[PDB]
Amino acid sequence: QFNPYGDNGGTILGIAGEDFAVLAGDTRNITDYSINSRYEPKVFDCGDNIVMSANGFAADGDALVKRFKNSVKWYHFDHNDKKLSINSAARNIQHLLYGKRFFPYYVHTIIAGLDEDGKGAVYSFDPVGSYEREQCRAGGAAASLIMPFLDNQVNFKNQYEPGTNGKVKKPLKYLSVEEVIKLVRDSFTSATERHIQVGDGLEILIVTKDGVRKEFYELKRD
Amino acid sequence: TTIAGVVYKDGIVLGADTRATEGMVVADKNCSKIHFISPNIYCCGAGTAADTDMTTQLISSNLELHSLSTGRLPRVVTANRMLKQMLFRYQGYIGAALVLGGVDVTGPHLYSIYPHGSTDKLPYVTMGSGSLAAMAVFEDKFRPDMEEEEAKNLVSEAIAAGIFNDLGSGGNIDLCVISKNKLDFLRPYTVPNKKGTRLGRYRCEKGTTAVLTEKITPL
Amino acid sequence: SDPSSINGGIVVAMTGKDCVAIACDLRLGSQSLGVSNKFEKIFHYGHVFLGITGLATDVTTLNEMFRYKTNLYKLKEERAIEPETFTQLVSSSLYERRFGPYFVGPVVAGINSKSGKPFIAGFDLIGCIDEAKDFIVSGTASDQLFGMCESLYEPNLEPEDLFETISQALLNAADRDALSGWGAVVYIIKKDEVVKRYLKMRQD
Amino acid sequence: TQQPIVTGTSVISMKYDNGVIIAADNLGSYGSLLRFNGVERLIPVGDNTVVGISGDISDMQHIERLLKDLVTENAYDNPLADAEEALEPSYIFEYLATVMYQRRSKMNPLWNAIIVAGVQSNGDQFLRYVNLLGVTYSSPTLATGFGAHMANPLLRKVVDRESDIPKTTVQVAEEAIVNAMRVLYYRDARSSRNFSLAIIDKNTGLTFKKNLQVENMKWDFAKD
Amino acid sequence: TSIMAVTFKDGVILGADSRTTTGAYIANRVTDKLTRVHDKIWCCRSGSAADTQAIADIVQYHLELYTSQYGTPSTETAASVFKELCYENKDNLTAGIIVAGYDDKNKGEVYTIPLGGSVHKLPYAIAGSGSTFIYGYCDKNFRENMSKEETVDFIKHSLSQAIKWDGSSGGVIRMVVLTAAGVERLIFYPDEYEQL
Amino acid sequence: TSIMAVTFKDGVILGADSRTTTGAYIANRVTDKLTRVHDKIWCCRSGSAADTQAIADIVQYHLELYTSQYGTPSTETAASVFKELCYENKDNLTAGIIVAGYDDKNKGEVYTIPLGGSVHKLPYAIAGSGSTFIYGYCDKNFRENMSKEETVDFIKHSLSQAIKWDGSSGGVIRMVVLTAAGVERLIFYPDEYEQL
Amino acid sequence: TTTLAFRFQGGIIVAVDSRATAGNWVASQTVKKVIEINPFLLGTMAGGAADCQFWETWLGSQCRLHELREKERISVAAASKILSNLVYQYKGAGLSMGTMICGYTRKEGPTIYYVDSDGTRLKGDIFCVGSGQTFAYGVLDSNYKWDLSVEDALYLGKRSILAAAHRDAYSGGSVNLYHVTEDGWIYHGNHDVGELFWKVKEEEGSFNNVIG
Amino acid sequence: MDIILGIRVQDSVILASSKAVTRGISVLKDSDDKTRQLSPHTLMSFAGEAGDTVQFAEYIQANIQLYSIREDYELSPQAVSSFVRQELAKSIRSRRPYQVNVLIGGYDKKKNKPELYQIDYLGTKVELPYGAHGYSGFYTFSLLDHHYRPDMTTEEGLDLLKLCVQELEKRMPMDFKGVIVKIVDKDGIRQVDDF
Amino acid sequence: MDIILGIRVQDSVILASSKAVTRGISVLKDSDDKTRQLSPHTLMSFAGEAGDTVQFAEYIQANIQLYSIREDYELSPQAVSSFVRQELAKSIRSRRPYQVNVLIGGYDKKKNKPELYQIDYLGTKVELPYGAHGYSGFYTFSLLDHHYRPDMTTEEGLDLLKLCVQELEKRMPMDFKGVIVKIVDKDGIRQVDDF
Ligand SMILES: *[C@@H](CS(C)(=O)=O)[C@H](Cc1ccc(CN)cc1)NC(=O)[C@H](CC1CCCCC1)NC(=O)[C@H](CC(C)C)NC(=O)c1cnc(C)s1
Ligand SMILES: *[C@@H](CS(C)(=O)=O)[C@H](Cc1ccc(CN)cc1)NC(=O)[C@H](CC1CCCCC1)NC(=O)[C@H](CC(C)C)NC(=O)c1cnc(C)s1
Ligand SMILES: [Mg+2]
Ligand SMILES: [Mg+2]
Ligand SMILES: [Mg+2]
Ligand SMILES: [Mg+2]
């Protein structure tokens with residue numbers, strides 16, 4: 001029997017800062033125990049200061065990113081070159097995904113950018129288009145390895161102030177872009193060490209009011 | 001896993017990676033897969049790790065008793081037979097895939113043993129999920145009657161091929177060189193990947209965790 | 001259906017400087033139904049500690065079985081069993097049920113009384129030994145614990161530094177698992193004192 | 001949904017400083033039967049692209065016709081059909097990729113793995129993979145089916161990352177490809193000695209080599 | 001696998017390819033499928049490698065113990081021991097074995113034991129996956145009382161074709177000659193047999 | 001079924017056995033598996049009788065209509081029509097068809113269309129259940145530019161062996177000769193070919 | 001998931017948990033299971049996350065077109081039936097949807113309709129839907145009466161989710177509260193179970209099965 | 001068999017167990033006592049597969065009664081529960097396992113404490129303040145979470161138990177025909193005849 | 001939905017229909033009216049798959065109400081039953097059949113006779129003195145075989161119906177939460193509010 005789905009591995013990570021957002025992903029593409037590519041970009045600049053990744057079955061991911069990029073193009077044509085806001089992009093993606101409710105895009109989709117107040121935004125979708133705005137989200141193979149660490153280090157979960165002994169929580173202080181990038185790199189270093197599908201390279205797209213910047217870092221290749 | 005062995009001029013060179021996996025997760029990055037059978041015979045292990053471990057230990061134990069009774073070093077053919085006949089009896093349910101290598105009174109011998117109880121006697125072999133990557137290196141560069149440091153390099157190169165190209169394989173490269181005059185157990189032979197350096201310290205300060213009650217008992 | 005994830009729960013163990021730590025959650029359930037929040041998963045035979053996750057009837061059975069075996073060991077040997085020796089005993093005992101195994105994830109922790117060396121180990125359900133210095137994880141949130149341990153852990157921690165590491169590893173991993181939590185226990189083990197602490201955590 | 005009947009095995013390829021090399025054996029297997037010994041599986045498109053195809057041969061022959069038809073269609077009302085508006089590797093690939101993913105999504109796939117190798121207008125090396133699922137990826141070395149497991153490990157020792165491509169000459173690359181084809185012949189039960197190889201260089205153009213053979217074969221250790 | 005045993009004037013010759021596959025992967029390309037159960041009683045093995053190895057070892061044992069007590073066993077006796085194992089354990093075995101041997105009384109003899117565990121005494125026998133492709137060729141070209149050189153050429157040509165068409169077969173063509181003169185091992189490489 | 005088409009100096013000859021079985025019952029022992037789609041373009045049929053008959057009738061129609069409009073079709077054109085049907089309806093068909101024909105320009109041509117719906121132009125082709133047994137024989141004995149008598153003997157000997165070993169094949173060996181001279185039907189009975 | 005909604009003297013209480021699961025994986029603990037259709041209509045979400053979020057958002061669009069076309073607020077009875085007739089059209093395709101349409105209009109007063117993916121549409125005074133419904137029903141059914149104040153009703157709803165958040169493995173995170181009256185709905189906060197549990201235990205003297 | 005509850009209060013253990021015995025279409029009996037007295041101060045309620053339930057309960061009863069005669073002594077509730085768990089834990093890897101879930105309510109005369117053990121057919125033992133088997137717990141545990149206190153009287157326990165049974169009568173689909181209630185305290189085992 | 005009964009006496013038809021709506025584990029409602037008035041003197045009770053039941057009943061109701069307006073006339077119970085049967089008989093060979101069983105109790109104003117029709121989801125129509133769908137009939141038909149007489153009064157019909165409901169409450173495993181009863185006679189349809 002023909003199985004229309006496959007698993008290309010990979011792991012992605014979105015983090016929303018106060019006036020910025022990052023969407024990172026490893027650059028390894030795999031099937032089973034084979035490496036297809038050590039550098040196949042997975043996180044994409046879609047225009048209008050929105051970055052997107054559709055991790056999972058790479059064919060369905062590429063298809064979805066392609067359709068959304070085209071949705072941005074046609075939004076400009078149909079609405080007098082209006083900027084597609086991140087919240088509007090999110091709802092548009094829900095409908096793209098839910099459109100294939102009974103033959104899904106087998107992907108965990110994450111977008112990142114800035115909301116209409118200039119604050120950092122991340123949105124996270126299941127394969128059939130349920131979605132929500134989140135501060136923090138890892139997706140794909142090593143998401144279970146990364147999310148607990150982000151609960152602990154971003155949101156200061158289970159952390160309390162020394163001396164009070166469980167009475168006063170550690171306050172939720174804001175993280176800088178340099179601080180967030182450290183968490184991303186170390187999350188991917190940890191995920192690479194412990195998950196076989198994660199490695200080769202890490203590519204981070206950083207969204208600010210000035211635009212979309214990229215950073216690339218080597219990851220362990222075995 | 002990537003395990004491999006070659007027959008060289010003076011003896012046998014065995015090789016193995018060090019990655020132990022549970023599903024997609026790496027449980028141990030530096031585990032030992034080159035097992036002791038007898039002083040002159042070692043066994044690289046792939047497949048179901050528990051089956052590999054306890055099958056090598058049982059045959060090693062029985063060979064030790066055999067060798068005490070006869071008073072002479074055991075042979076590779078007897079190690080091969082005892083592994084073979086047991087694995088065959090269990091019809092593939094003991095998932096042990098071994099590369100068995102050693103040096104006898106009759107010279108150096110290398111075997112591949114499969115879970116179902118078949119064995120091949122060969123000048124070079126590879127097993128595990130990284131066998132094809134490793135075998136490519138042997139088909140590319142193997143020749144009979146190699147010198148020691150050359151054979152070491154070829155096996156190390158074959159394990160490396162597995163480490164990088166196969167996701168099931170990783171970590172360090174272990175070798176075991178066996179000849180009439182010596183046994184060299186090289187662990188690790190090579191460290192092809194450095195451990196990833198962390199940029200932040202995420203360890204919590206004392207009193208951060210919320211405790212309900214405490215008890216201290218001395219020993 | 002899957003016996004290893006009916007009842008739920010987790011165990012993690014770590015090494016430090018002249019010390020080990022082992023910790024577990026307190027949940028026992030029937031899948032979605034929470035039943036008990038006093039089901040401890042760490043036991044001890046002399047100075048050797050054994051955590052066991054998995055099917056709870058087997059957790060109980062194995063504890064009773066290793067108590068049995070270590071008691072006879074002590075009577076015959078005239079000394080308490082050591083972590084290295086016990087680890088081998090666990091492996092043997094699991095593998096003798098190779099084709100009808102105990103659905104468990106055991107974790108050994110302790111300090112060798114003679115050498116003073118901190119020791120931990122883990123096993124699959126049929127007794128293959130994970131023999132790692134850094135940390136051992138087990139249970140329904142093992143993936144979560146692997147992630148937490150890999151990023152939080154560093155070698156040679158002092159007992160109360162190590163406590164904060166293992167506790168935060170357990171708590172944050174458990175909170176990402178439906179079948180783990182409902183309380184937690186952390187043993188800090190030194191060569192001649194053991195500190196057992198119960199942790200305050202969210203009860204959902 | 002179907003099942004592949006007459007099949008082709010590994011297609012292997014790599015980038016080098018000025019262009020790309022691609023190769024594939026000349027066998028059409030019918031299960032274990034080595035049925036057809038004269039099957040060409042590298043199909044050139046213009047003078048700047050070679051499409052290497054593995055998997056079902058009837059579906060390959062369908063794709064061959066699609067590409068032949070694509071050349072015809074591109075020539076229509078196109079005075080620059082042999083110049084600025086000739087078919088590019090990237091165009092040929094994207095078309096095939098569109099077709100492959102469309103077909104999988106109708107649950108009626110073309111049962112193939114394809115590597116499009118070529119050189120673009122601006123001299124850039126093009127090398128990209130697509131298969132029956134519409135899955136696409138690029139890498140300095142690409143190989144289908146069996147070659148992914150045995151050819152890639154050998155070819156990656158020559159070009160391990162992007163920065164190694166300018167350091168690799170056409171001689172080193174072709175040697176590596178031919179070496180890999182030998183290794184595959186020893187070890188792939190559904191391969192053959194006879195193969196075709198195609199170099200697409202930005203200076204010397206398309207060189208298509210037929211009726212090559214695996215040679216220098218080490219069997220002498222068998223007698224012992 | 002492609003295997004055959006052929007009787008001729010001076011005795012009998014066994015022949016085999018050397019390929020062992022795990023699906024499409026050639027696990028061993030230099031396999032020795034001609035195995036010795038007694039001085040001048042050998043067998044060709046096809047089917048499960050584990051099963052045919054296990055059987056051949058048990059047969060070797062039985063014939064060793066036969067020889068200790070009753071002297072050299074007949075080729076018929078060897079075939080009977082193979083059969084007894086294959087027939088009684090037919091439900092748990094996948095073994096297609098050709099038994100070949102040289103007595104001085106009986107000269108060359110070939111016995112084939114297919115999957116069922118039946119025994120068939122024949123002038124020559126072919127077996128293995130690659131044998132299907134050479135039934136036509138072997139039937140047209142076999143003659144009785146061939147010379148050694150003719151029988152080597154008959155086997156070489158036959159297995160050459162079996163190898164050409166069967167993907168499961170390949171590598172070197174090994175042969176084992178069984179005559180009054182003794183036991184001779186022959187090998188023939190691809191460069192030699194492919195150009196036939 | 002055992003079928004083959006062989007090109008030679010003067011053109012091409014198609015050959016076939018005459019057995020059609022329903023399991024072990026021989027439903028028709030005098031089957032004509034060589035069917036005419038045009039004056040000098042014929043085909044050998046193997047697979048489902050219903051499918052190959054249905055296809056051959058549709059092809060005959062297409063080539064009749066081609067001839068009405070564009071004159072005599074090439075053997076390549078006939079093969080393309082067969083392929084188009086077999087490939088596009090691969091999921092609902094079991095047809096292995098050899099197409100053979102004589103142009104004056106191209107002379108003898110043979111195209112084989114196996115189960116997939118792929119096309120392969122060859123000097124000769126063999127097909128059907130009985131073809132497995134004669135790959136060895138046919139590869140060793142085929143030469144290009146044979147005479148008519150040599151090609152009749154090559155086909156007669158080949159199908160004789162295919163019939164001998166394959167239970168699904170049997171009966172008479174029918175042949176159809178395609179040259180500039182015209183179309184000649186030959187038949188060869190068991191008493192003739194079995195003694196070869 | 002645990003969603004409840006009940007009718008009483010001073011309106012409708014609607015309370016939900018905030019956890020989303022993919023098997024045993026806690027995917028999120030800050031999820032919105034209440035959709036605010038208009039100032040007088042709420043929809044709860046249980047079952048499939050997408051199927052609820054999508055079709056209940058779409059319901060809100062259909063409720064808007066009604067009040068544009070008819071110059072009148074859509075009745076709860078009509079809103080609930082748009083959704084029930086929709087899901088019924090998809091019946092057998094594998095939609096997973098357990099929902100409650102809660103609202104007020106002058107015509108019907110406070111009203112709750114239960115609508116689910118296999119076509120059932122039911123009017124009632126008390127409903128609990130989700131994997132933790134039974135746990136919520138237990139507490140709710142045994143402390144309920146029309147009598148209740150708005151302070152006690154809000155608390156009982158908060159508490160009945162806490163009850164299920166504790167026992168049900170797939171429920172938890174936080175409690176989102178709503179109060180629906182003649183003047184419309186009123187949000188009554190997001191209450192993290194992490195802190196709420198220990199507070200409720202201490203203040204109420206309950207949850208004695210627990211160490212703490 | 002369907003609903004079996006248990007609740008441990010200050011000075012007693014109370015076991016409530018449904019009366020219905022249904023075989024498919026028909027309710028064959030509405031007065032079935034799903035319990036056996038193992039010893040004077042230890043009671044075991046049970047529910048599970050037909051036949052297996054009573055066979056298991058009676059087998060356990062016989063063994064504890066044998067122990068009582070041999071040693072002229074009553075085993076502690078803890079000891080009886082451990083014996084029962086081992087029998088079930090042995091059972092689960094048998095040719096045909098006992099499909100029986102139990103609650104053991106006992107008064108430990110040595111410690112002067114009531115004790116409630118909940119054991120499932122796999123041999124999963126837990127000591128609890130209150131317990132249930134099957135679907136009962138889904139409704140009842142949340143009530144007991146709310147209302148239970150460790151210092152409750154036996155009358156308060158019985159009121160809290162009525163509230164559990166009312167909730168089950170309201171929200172469960174099967175008519176379980178009410179419950180027989182039994183109290184286990186220092187003075188032994190007695191049946192509340194009006195409930 | 002579970003139990004729906006019907007009984008035709010001298011001068012009326014009485015339809016009793018259970019109040020429970022259970023979705024798997026929980027009883028979601030205990031006051032559900034499993035009936036629709038098709039016309040002033042024709043009532044249809046229904047039971048079957050969730051969703052399909054009400055959808056079908058409301059669809060039939062709408063069609064009969066349309067007929068009533070178009071012709072300013074009430075169709076006979078026989079005519080309404082034949083319409084309903086055809087709709088179900090059409091349904092059974094559909095892509096997705098209506099899984100709904102019905103009883104149509106009507107008073108024919110022309111003939112001055114009560115009439116009870118029993119129709120299953122296949123479109124199997126029968127006129128009966130008394131009827132039931134699902135497992136109800138297994139218990140109730142033997143009672144009605146014994147006690148029924150054609151000349152019974154409406155009060156005698158209601159007593160005979162109490163005896164049916166008591167037997168169902170005794171011997172059926174599912175708690176169906178009692179029945180809503182409705183009488184169809186010459187004066188129309190009315191609900192017996194105490195039963
Ligand atoms: C590599 C062999 S591979 C990837 O080619 O199958 C290693 C070999 C190995 C040998 C010795 C030692 C140390 N004694 C470690 C590793 N094999 C593995 O890592 C095992 C691979 C599994 C692949 C899936 C089928 C089962 C074998 N892994 C294990 O044996 C692990 C034990 C580790 C230490 C936790 N066990 C499991 O993953 C199991 C899961 N369920 C089981 C019944 S066993
Ligand atoms: C609890 C309902 S429960 C446990 O009773 O089934 C929540 C309800 C809910 C409602 C609204 C929102 C708003 N975004 C979120 C959540 N439901 C879930 O958490 C879903 C549970 C499934 C259990 C199995 C039957 C279907 C429901 N979870 C999902 O729908 C998830 C949502 C992800 C984790 C964000 N998606 C999947 O499970 C999918 C798996 N494969 C797919 C193609 S979608
Ligand atoms: Mg890795
Ligand atoms: Mg938790
Ligand atoms: Mg071959
Ligand atoms: Mg919970």
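As given, the protein sequences belong to chains Z, H, I, a, N, b, Y, J and X, one line each in that order. For the first sequence, position 93 (counting from the first letter as 1) is numbered 93 according to PDB author numbering, and the numbering increases by one without interruption. For the second sequence, position 65 (counting from the first letter as 1) is numbered 65 according to PDB author numbering, and the numbering increases by one without interruption. For the third sequence, position 49 (counting from the first letter as 1) is numbered 49 according to PDB author numbering, and the numbering increases by one without interruption. For the fourth sequence, position 149 (counting from the first letter as 1) is numbered 149 according to PDB author numbering, and the numbering increases by one without interruption. For the fifth sequence, position 27 (counting from the first letter as 1) is numbered 27 according to PDB author numbering, and the numbering increases by one without interruption. For the sixth sequence, position 144 (counting from the first letter as 1) is numbered 144 according to PDB author numbering, and the numbering increases by one without interruption. For the seventh sequence, position 24 (counting from the first letter as 1) is numbered 24 according to PDB author numbering, and the numbering increases by one without interruption. For the eighth sequence, position 16 (counting from the first letter as 1) is numbered 16 according to PDB author numbering, and the numbering increases by one without interruption. For the ninth sequence, position 64 (counting from the first letter as 1) is numbered 64 according to PDB author numbering, and the numbering increases by one without interruption. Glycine included, C-beta positions come from ideal geometry on N, C-alpha and C.
Ranked by Cα distance from residue 27 of chain Z, the options a:152, a:145, a:107, a:161 are led by a:161. A check of alpha carbon separations from residue 11 of chain N across N:81, N:160, N:146, N:168 identifies N:146 as the nearest.
Ranked by Cα distance from residue 111 of chain X, the first of X:159, X:1, X:49, X:11 is X:11. Within 7 Å of the CB of residue 140 of chain H, the CB atoms of chain a belong to 154, 179, 183, in sequence order along the chain. With 16 or more other Cβ atoms inside 10 Å of its own Cβ, residue 48 of chain a counts as buried.
Among the CB atoms of chain N, none fall inside 9 Å of the CB of residue 168 of chain b. The beta carbon of residue 159 of chain I is closer than 7 Å to those of 16, 19, 188, 190 in its chain, skipping five residues each way along the sequence.
Across the set X:132, X:80, X:20, the C-alpha of X:80 shows the shortest separation from the C-alpha of residue 63 of chain X.
Residue 94 of chain Y is positioned such that its CB atom lies no closer than 9 Å to that of residue 42 of chain Y. Not one heavy atom of ligand 2 lies closer than 8 Å to the C-beta of residue 133 of chain I. The three-state reading of DSSP puts residue 5 of chain a in coil, since its state is none of H, G, I, E or B.
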